[PDB]
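The structure appears below as structure tokens.
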Amino acid sequence: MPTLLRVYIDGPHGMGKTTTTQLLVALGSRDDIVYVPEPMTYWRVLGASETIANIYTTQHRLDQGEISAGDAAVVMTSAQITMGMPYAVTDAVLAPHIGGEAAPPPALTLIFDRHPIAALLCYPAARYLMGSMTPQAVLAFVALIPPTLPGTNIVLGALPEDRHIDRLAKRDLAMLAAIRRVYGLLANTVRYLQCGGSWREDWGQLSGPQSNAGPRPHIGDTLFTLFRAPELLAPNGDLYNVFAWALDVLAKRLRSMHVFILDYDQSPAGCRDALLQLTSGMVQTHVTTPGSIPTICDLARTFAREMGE
Amino acid sequence: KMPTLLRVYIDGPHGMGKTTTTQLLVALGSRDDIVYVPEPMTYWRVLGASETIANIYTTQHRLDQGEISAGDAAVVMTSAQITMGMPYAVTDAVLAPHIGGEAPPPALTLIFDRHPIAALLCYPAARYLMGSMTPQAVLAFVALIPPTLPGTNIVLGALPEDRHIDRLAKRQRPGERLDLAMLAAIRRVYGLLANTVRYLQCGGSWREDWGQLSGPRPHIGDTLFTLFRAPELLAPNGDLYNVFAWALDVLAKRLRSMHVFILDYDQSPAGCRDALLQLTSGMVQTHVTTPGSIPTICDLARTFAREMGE
Ligand SMILES: Cc1c(C=C(CO)CO)n(C)c(=O)[nH]c1=O
Ligand SMILES: Cc1c(C=C(CO)CO)n(C)c(=O)[nH]c1=O
């Protein structure tokens, strides 16, 4: 079978993900690489009206005291469903085309602006840290994360907080801190799981980044530490089983991902070349049918045309 | 080489049976070869949030009275449905790796109170019909319906509307309001669901028949696809956006491989129990994937019941 390379560019907004991605795509002949872009049209028009604006307005109103936490939570939960929809459908229709992990060049490279976990895990977790989502809803989103397809390469981003702030300022610091922390925790969680970490065994070590390499992180430095919330704990002090099962699901979904960290602290071309070097260690898969490749290409471009800026 | 499992999802519009029927299902679970995963009412009232059912029925009542906007209702209904479906979704996710291919009596019969589609498709669709959920949010839920595993046996109920109204009036849930418009919406959605599975299983192609919504198997107008001719989902030229069309492809793939069985509730609780048992004769069993799968499943089910069963 022909092989496919799927790369999800993810991590906090405002680091240079989109520019870097576009530059990499530009290196290729038109047909050997396809970009599945940020579905901004869905978010602004098709799925609802101006979802990004509604999200930031709601946080501000919460921080202002103009609305309750309960009010903010219903809006954020509802908005995240809208945010995530294009990711989730794309995954669902891609799935039957993806074979086992397969190296000679891929017939097709597919590059995504974000993975489903952005909308179903990372942004909800950060909203939770900001007090505008309940941890129960975060775990409900976790339970709905689709089964992790073979060859799921995710690229996260590193950038000094000062440079990140400036970059964002030139073009909500608590939210920026929150999302940066969540993605750092994510990277550690994947490493923890691939080093054989069992959250149930280490749960009691709780009380108070990089994948790809390094030693096993402490559970206190992974996403698992976020869910010690009193909302989730029974009178005896343990997690209710329903929430423990969501953490089992979190573990299963993350542990088979291939995570890479891109240093965005350089020029656009430098980021591009760094991303290119990173793809040399990424996992390809076979496809299901010979016609899978043109189908995937059509799917991505259709997506791009309809939901892209 | 692995033992066999029978999964049975008791679903359909709520309020058709009796708490006597339920007690028999609990009593049915007394056997060593059967476990009954009950309604996670404790999750909905306390664990996942506070009085979710009440929230739902109050929100619709106030939309109907004009005390809140449709938009306000929709954000509440959407987030409440997330809470409602969470126990179904985690359960399915943890059970999924234990399920093998299709497979004489089964080693274990697992009987669930509802399938994830109740909270990710059917109730959201009914609320769309009640004007309290956007059709975009419904398709977002559809996009997250877990893959349909082998041996997905779903039992839906038949009962005359008058008798259903009667039974429902006598067993309202905490915070529930007796809404005849909602009863009609939910009954229609489940009727459309049943037709949809047939349409699909008889080779129906929604993309091919789509034009007939504006012009042997059910007519597409008698399936769930008719709901998604909603104008919110259409371009200025009337075409469905691809993103929603893809969600309908997912809907078709999820529904086609479900095995649907209709339980006549117009009888006694004991009758209903016997009817359900016999129905299992035509249900599809699967293998489990590991020797330790059976006892793991049992543990999950028992733990679920004890923690979230009322
Ligand atoms: C994906 C995602 C985002 C991020 C973007 C939209 O501004 C682009 O990075 N944001 C900001 C959010 O609040 N929720 C989300 O699910
Ligand atoms: C499953 C489900 C129900 C049904 C039940 C809860 O009362 C009955 O089991 N209801 C009433 C609802 O509003 N949303 C749902 O997702």
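Chains as they are written, first to last, in the authors' numbering: chain B, 46 to 147, 152 to 220, 228 to 264, 274 to 374; chain A, 45 to 147, 153 to 264, 280 to 374. Positions of the beta carbon are idealized from the N, C-alpha and C atoms, including for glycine.
Check: Is the Cβ of residue 371 (chain A) closer than 8 Å to any Cβ of chain B?
Finding: Chain B, which has a Cβ nearer than 8 Å to the Cβ of residue 371 (chain A), makes this yes.
Check: Using DSSP with H/G/I as helix, E/B as strand and the rest coil, what is residue 125 (chain B)?
Finding: Note: residue 125 (chain B) maps to helix in three-state DSSP.
Margin query: Assuming the contact rule is C-beta atoms closer than 8 Å, residue 234 (chain A) and residue 182 (chain A) should be a hit. Round their C-beta distance to whole Å, please.
Written below: Contact doesn't hold; Cβ gap of about 11 Å is too wide.
Next item on the list: Return the Cβ separation of residue 333 (chain B) and residue 68 (chain B) in integer angstroms, given the expectation that the two are a contact with Cβ distance under 8 Å.
Entry: Contact between residue 333 (chain B) and residue 68 (chain B) holds: CB atoms are separated by about 6 Å, below the 8 Å threshold.
Note to self: Would you say residue 162 (chain A) lies against chain B (beta-carbon separation less than 8 Å)?
What the structure shows: Look at residue 162 (chain A): its C-beta is not under 8 Å from any C-beta on chain B.
Check: Is there a Cβ from chain B that is less than 8 Å from the Cβ of residue 76 (chain A)?
Finding: No, because no Cβ of chain B sits closer than 8 Å to the Cβ of residue 76 (chain A).
Item checked: Backbone CA spacing between residue 203 (chain B) and residue 98 (chain A) [nearest angstrom] -> The alpha-carbon atoms of residue 203 (chain B) and residue 98 (chain A) are separated by roughly 41 Å.
Next item on the list: Determine the chain A residues that contact residue 87 (chain B) at a beta-carbon separation under 7 Å, and present them in chain order.
Entry: Within chain A, the residues near residue 87 (chain B) are 307.
Checklist line | Beta-bridge pairing of residue 161 (chain A) - partner residues as DSSP gives them | finding: Note: residue 161 (chain A) sits in a beta bridge opposite A:53 and A:81.
Notebook entry, point to check: Comparing alpha-carbon positions, which option in B:371, B:373 and B:361 lies nearest residue 78 (chain B)?
Noted result: If we check each option's Cα against that of residue 78 (chain B), B:361 comes out closest.
Notebook entry, point to check: Based on the DSSP output, what are the partners of residue 328 (chain B) in its beta bridges?
Noted result: Residue pairing from DSSP places residue 328 (chain B) in a beta bridge opposite B:207.
Next item on the list: Using only alpha-carbon positions, find the residue among B:237, B:217, B:229 and B:285 that is nearest to residue 248 (chain B).
Entry: Cα-wise, what sits closest to residue 248 (chain B) is B:285.
Notebook entry, point to check: How far does the beta strand (DSSP E) with residue 351 (chain A) in it reach, from first residue to last?
Noted result: Annotation for residue 351 (chain A): the continuous beta strand (DSSP E) segment containing it runs 350-352.
Checklist line | Contacts that residue 383 (chain A) makes with chain B (C-beta to C-beta distance below 8 Å) | finding: The question about residue 383 (chain A) has no answer, for chain A in this structure spans 45 to 374.
Next item on the list: Please name the residue in A:250, A:259, A:208 and A:251 whose C-alpha comes closest to that of residue 236 (chain A).
Entry: Among A:250, A:259, A:208 and A:251, the Cα nearest to that of residue 236 (chain A) belongs to A:208.
Notebook entry, point to check: Whose C-alpha, out of A:218, A:156 and A:124, is nearest the C-alpha of residue 88 (chain A)?
Noted result: Ranked by Cα distance from residue 88 (chain A), the options A:218, A:156 and A:124 are led by A:124.
Checklist line | Any C-beta of chain A under 8 Å from that of residue 192 (chain B) | finding: Closer than 8 Å: yes.
Item checked: Close beta carbons around residue 244 (chain B), own chain, < 6 Å, minus the five adjacent residues each side -> These residues qualify, in order along the chain: 274, 282, 286 and 287.
Next item on the list: Report the partner residues of residue 143 (chain B) according to the DSSP bridge assignment.
Entry: For residue 143 (chain B), which the question treats as bridged, DSSP gives the partners B:352.
Next item on the list: Return helix, strand or coil for residue 287 (chain A), following the three-state DSSP convention.
Entry: Residue 287 (chain A): coil per DSSP, three-state reduction.
Next item on the list: Using three-state DSSP, classify residue 298 (chain A) as helix, strand or coil.
Entry: Strand at residue 298 (chain A).
Margin query: Just to confirm the assignment, what range does the alpha helix (DSSP H) spanning residue 172 (chain A) have?
Written below: Unbroken alpha helix (DSSP H) run through residue 172 (chain A): 172-178.
Check: With 16 other CB atoms within 10 Å as the buried threshold, where does residue 71 (chain A) fall?
Finding: Under this definition residue 71 (chain A) is an exposed residue.
Notebook entry, point to check: List, in order along the chain, the chain B residues whose C-beta lies closer than 8 Å to that of residue 189 (chain A)?
Noted result: Contact of residue 189 (chain A) with chain B by beta-carbon distance below 8 Å involves 92, 126, 127, 129, 130 and 133.
Margin query: Taking 7 Å as the cut-off, is the C-beta of residue 109 (chain A) nearer than that to any heavy atom in ligand 1?
Written below: Incorrect: residue 109 (chain A) has no Cβ contact closer than 7 Å to ligand 1.
Checklist line | C-alpha distance - residue 56 (chain A) paired with residue 175 (chain A), whole-angstrom precision | finding: Answer to the nearest angstrom: the Cα atoms are 12 Å apart.
Margin query: I want to see whether chain B comes within less than 8 Å of residue 259 (chain A), judged by CB atoms only; does it?
Written below: Judged by the 8 Å Cβ criterion, residue 259 (chain A) is not in contact with chain B.
Notebook entry, point to check: residue 201 (chain B) and residue 320 (chain B): beta carbons closer than 8 Å?
Noted result: The answer is no: Cβ separation not under 8 Å.
Next item on the list: Establish whether the CB of residue 316 (chain A) and some CB of chain B are separated by less than 8 Å.
Entry: No, its Cβ sits nowhere closer than 8 Å to a Cβ of chain B.
Item checked: Status (buried if at least 16 other CB within 10 Å, exposed otherwise) for residue 252 (chain B) -> Looking at its Cβ environment, which holds fewer than 16 other Cβ atoms inside 10 Å, residue 252 (chain B) is exposed.
Item checked: Sub-8 Å separation of residue 353 (chain B) and residue 142 (chain B) beta-carbons -> Result yes, Cβ atoms of residue 353 (chain B) and residue 142 (chain B) sit closer than 8 Å.
Note to self: Using the Cβ count rule (16 or more neighbours within 10 Å means buried), how would you classify residue 194 (chain B)?
What the structure shows: It counts as buried.
Checklist line | Test item: CB-CB of residue 341 (chain A) and residue 157 (chain A) under 8 Å | finding: No, these two residues do not count as a Cβ contact at 8 Å.
Check: How about residue 70 (chain B): is its C-beta nearer than 8 Å to some C-beta of chain A?
Finding: Not one chain A Cβ lies under 8 Å of residue 70 (chain B).
Margin query: For residue 136 (chain A), count the other beta carbons within 10 Å of its own beta carbon; 16 or more makes it buried, fewer makes it exposed. Which is it?
Written below: Buried, by the Cβ-count rule.
Margin query: Using C-beta distances below 8 Å, list every residue in its chain close to residue 232 (chain A), excluding the 5 sequence neighbours before and after it, in chain order.
Written below: Within the same chain, residue 232 (chain A) has close Cβ partners 57, 59, 210, 213, 214 and 217.
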